[PDB]
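J.: can't give you the sequence, but here's the structure:
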Ligand SMILES: CCOc1cccc([C@@H]2CC(=O)Nc3c2c(C)nn3-c2ccc3nncn3n2)c1
């Protein structure tokens, strides 16, 4: 069992798996809810756009997500079902700034027997909220009655005679709850209804008889009153049914591509949006026919093409012509629908684009810029959405000026013009001195500013009330008129003692002299002394940033003190103590700041040692709450607000410059990708708009900052599907396997749907579902590592699929090659019986074929192996040598596989991942020239990816979203690999690769993985003693953290396939561990009660809160 692993999220899933609108946060709000695997994102729809309210993680994959409103509820409730059959009903509760998702009802609805249906879990709710219906398995329909008594969500099953249901909905306008569904039997596809009897717990005959529908009828729409009835969407037809009523259309406009989603635009069902696999967006329009009895029937159906979106998993109309396009295969979007078409005749205009990395089908890590700074390059998306994505940690700065100028001690922007809205002045402090720089476009020049002194050190200067400037120095506070620039007022301490600390806003000043504080107000031509006090200790730092709807005025003074290392909130003008916090230690506070993020207020206080304490701040009572602490460096941190893209954030200067910001109403910290920064200020001038001034010991820089986020993503559109990637350092390029769909005609020809990377390369060579006829045409792309231009595309043979790709040298040949493994794909073949290995050389802008090898199967995987080429081909693993004639030649073979899909190697060891029989360990035996089977995992697993952790530890991912770790057994029972680690990840892993995105203690090793949902994860190793500590922490965390839907963490992480359910073992959930930094202090104290740790050999010692914070902080830095 001596494998201990830790798995943590580096990038949360980005794919959208579902989306609903309604009134969840309040009756009056319009909400958009988005499901991204295990995450629920809640937004309020505004004219501004989407306002984020709350993101809630759940301990499950979200399979069903629907809003509904029982009689007596003031706003919508939310029904969630997870993939592990956890059902819950949730309520949004907001009290002040505290947001809580409360569980109204919960229970697990898994049955002991059943076959999961082809078109998946379906969950539907009756319009009248009488019941929830679940299609979990073939032949069964599960009913959860919605009585107020049913808090355990007890359910009953009804036998469903139709075994193969495609889609199902509850109908509107029905006296009894009534389902309408499409099902398939040997006689074709059919639409049918049943009423659902709560009394009989059984179906009753439906209100209208069944009809035959199109062979590819796939979606049921329940149309609201006054239409009622159902619309059935197929590939070639749309039909409406309401009993003594049938209407069908066969509009040719839809036949080109499968329609995969729908959404109702109007409450009464007059219009619907439809989306297809080529991102076409249609409007479906229902024309009313009146009747004498006042009912409405359907006169006609029409479909109109509006334009193109991302390929939509889901569409949600948000009012006022705005649509959310939720994409699994490309970026999500907000689009606007216009009444009038544009130039090319589209009614659709993209408003906003949201990054989706998924699916990540392959990836690699390259130090693209600096040595030691790995970046992840993914094969992302599919079809027209396909892309490369380049992911890197930290926030970049774009330097636009650099001036040699040592000894800077402070920076302040100033508008010397009272008319101009932009800064035109940068003021610098030095020891004992001040200098003023004017900004004329890009020119930066020394200048004097009348009223300001140059022979004292400035602690603050800026624009202030009544069209005035202020300069606060060690000697005095100077107030200066704007026109002309004259000294209009000067404040000094009564005996002209030095000012030691300064804080200022537009209308208020607070200065310290040693222990003394003075509060001044800025009036026309007057610095007015209001009040003063003597602090118990010397003053270390001050802030009076006004917060909230305060009209630029602060009733509060934040202060840090020497000696007791206190952060205090004082009232102005009295200086009455509202709150005191002792921060501990013997290192003084250096920087203190009152701040607002996402409409919450905080106090930030940084010590000389790199520690940052932060608290919730009540701006009415002065109360500080829920202390947290991070570490931002080993030097003093200086804090300063700036604005980028209409949000205020805080820049933290230290040896590790950082931006502090908010996400999901919690503070976040992201590294800035710069060396040590001592000082900074925002600067918005004509020549340097929306910019930052930065200083170190020697230099002043002016630049702009990138988006404020943990990870930067660059996108390279390919407009076709990338499949595999490898890096070739000697060529300074990537090789990328890609495929594009073409459409075949009745003769000998196929045609592309659009230009894409493989059709738009600089040069090209050849060898000698998206649509509803289709063929995949595969290519090797050569892409420049700097410009990501497509330099060359090589096209493979007709019906040749490119499966594997490696860049390597072989044998005694100094050249580096791109090598590709393929399969010839024919329709009748269960698996391929033919493939090739092709060795290419990239020289002088083109790919040349150096050698080919015909093999009798699909070449699924290839790896460089000790100067030889290792390949898996159908059920065979084969080692090839590169001969003097530049030909591949078989050395040895292994045959004991079903389908050898995945290879990794380490030394002479080979890890083989099979379609259905898990993993196998081979050794190449150099003195025999053959393989030896060392051990295999005799537990069947349907593999998706493999990795070697070390000589003794083998990591697998399988199709049911689990990880496992195999080891050799601690006889020829040595032939049995032991599954010593098990963990339900809840993602589908396509790729593992050794590497790190962090610039290169508790953990060893770094394995990244990429998933279908665009999630990037990390696996690393732990010692026994570190594992035990972290397991104990998990157990304690799980007793204090309330889970949404009352799902147990242990249940969620349990290994779960069709053959085996077991508790997780040998795996720490780093996402859970990291949440230790987000819990309250009471909870934190609870976790730590009598918690001990082993030190590495025997001795057990107490684990303190503060030491555990440091532990978890270290852990966050591994990604
Ligand atoms: C990376 C930053 O970590 C630490 C930072 C500060 C203090 C500690 C304290 C003391 C210390 O030196 N060790 C320690 C601690 C705590 C809680 N756990 N812990 C273990 C646990 C398992 C283990 N296995 N080998 C060695 N250890 N040390 C840690």
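T.: Everything's here; your move. Numbers count the residues shown, from 1 in each chain.
J.: and the residue in the chain positioned nearest to the ligand, what element?
T.: Closest to the ligand within the chain is residue 1025: 3.2 Å, counting by C-beta to the nearest ligand atom. All C-beta spots, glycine's among them, are computed from the backbone N, C-alpha and C. In the assignment (DSSP states H and E), residue 1025 maps to helix 1024-1040.
J.: what sits up against the helix or strand just after that helix?
T.: The helix or strand immediately downstream of helix 1024-1040 is helix 1049-1053, counting by DSSP H and E. Residues outside helix 1049-1053 that contact it (C-beta atoms under 8 Å, 6 or more residues apart in numbering): 59-60, 84, 86, 983-984, 986, 1034, 1038, 1041, 1043, 1063-1064, 1067, 1069, 1072.
J.: around the ligand, pick out the residues from the stretch 951-1100 of the chain.
T.: 1001-1002, 1023, 1025-1026, 1029, 1093-1096 (C-beta under 6 Å from any ligand atom).
J.: who are the contact partners of residue 83?
T.: Residues near residue 83 by C-beta under 8 Å, 6+ apart: 60-61, 63, 121, 986.
J.: torsion angles phi and psi at it?
T.: phi -70, psi -20 (degrees, to the nearest 10).
J.: residues near the residue of the chain closest to the ligand, how many?
T.: Per other C-beta atoms under 10 Å, the neighbour tally for residue 1025 reads 17.
J.: now it: how far from residue 265?
T.: 60 Å (C-beta to C-beta, to the nearest Å).
J.: with adjacent residues omitted, what lies nearest to residue 432?
T.: Counting by C-beta to C-beta, 6 or more residues apart in numbering, residue 457 is the residue found nearest to residue 432 once chain neighbours are left out, at 5.5 Å.
J.: again but with residue 351, I slipped
T.: residue 334 is the one closest to residue 351 (C-beta to C-beta, 6+ apart), at 4.4 Å.
J.: give me the secondary structure label for the one you found.
T.: With DSSP: H, G, I helix; E, B strand; the rest coil as the basis, residue 334 sits in strand.
J.: that one reaches residue 324, doesn't it?
T.: Yes. Under the criterion of C-beta atoms under 8 Å, residue 334 makes contact with residue 324 at 6.0 Å.
J.: need the residues touching each of those two.
T.: What both residue 334 and residue 324 touch, as defined by C-beta under 8 Å, 6+ apart, is the set 50, 318.
J.: the two: who's more crowded?
T.: More crowded of residue 334 and residue 324, by other C-beta under 10 Å: residue 324, with 25 against 18.
J.: show me what contacts that one?
T.: So residue 324 contacts 19, 32, 34, 50, 315-316, 318, 332-334 (C-beta under 8 Å, 6+ apart).
J.: swap in 6 Å and give it another go.
T.: 32, 316, 318, 334 (C-beta atoms under 6 Å, 6 or more residues apart in numbering).
J.: what's in contact with the helix or strand harbouring the first one?
T.: Just to be clear, that refers to residue 32. For residue 32, the host element (DSSP H and E) is strand 31-36. Residues outside strand 31-36 that contact it (C-beta under 6 Å, 6+ apart): 13, 16-22, 24-25, 41-43, 45, 62, 65, 324.
J.: inside strands: which ones of those residues?
T.: Among the contacts of strand 31-36, the residues falling in strands (DSSP state E) are 18-22, 41-43, 45, 62, 65, 324.
J.: quick check: the residue nearest to residue 351 vs residue 320, distance?
T.: Here the distance between residue 334 and residue 320 works out to 11 Å (C-beta to C-beta).
J.: same thing with residue 439?
T.: 42 Å.
J.: between those two, which one's more packed in?
T.: It is residue 439, of residue 439 and residue 320, that has more neighbours when counted by other C-beta under 10 Å, with 25 against 9.
J.: is it true that the more buried one touches residue 424?
T.: Yes. Between residue 439 and residue 424 there is a contact at 5.4 Å, judged by C-beta atoms under 6 Å.
J.: shared neighbours of the two, which are they?
T.: What both residue 439 and residue 424 touch, as defined by C-beta under 6 Å, 6+ apart, is the set residue 685.
J.: which one is the residue of the chain closest to the ligand nearest to, not counting chain neighbours?
T.: residue 1094 (4.2 Å).
J.: count the residues that sit near that neighbour.
T.: Residues lying near residue 1094 (other C-beta under 10 Å) number 15.
J.: so what's it bridging to?
T.: Assessed by DSSP bridges, residue 1094 has beta-bridge partners residue 1100.
J.: find the nearest non-adjacent residue to residue 272, please.
T.: Closest residue to residue 272 apart from its sequence neighbours, by C-beta to C-beta, 6+ apart: residue 284 at 4.3 Å.
J.: surely that neighbour and residue 305 touch.
T.: No. The pair formed by residue 284 and residue 305 falls short of the contact definition of C-beta under 6 Å, at 11.1 Å.
J.: the more surrounded of those two?
T.: Using other C-beta under 10 Å as the criterion, residue 284 and residue 305 rank with residue 284 on top: 25 against 18.
J.: can you pull the contacts of that one?
T.: Listed by C-beta under 6 Å, 6+ apart, the contact partners of residue 284 are 272, 274, 303.
J.: bridging residues for it?
T.: Beta-bridge partners of residue 284, counted by DSSP bridges, are residue 272, residue 303.
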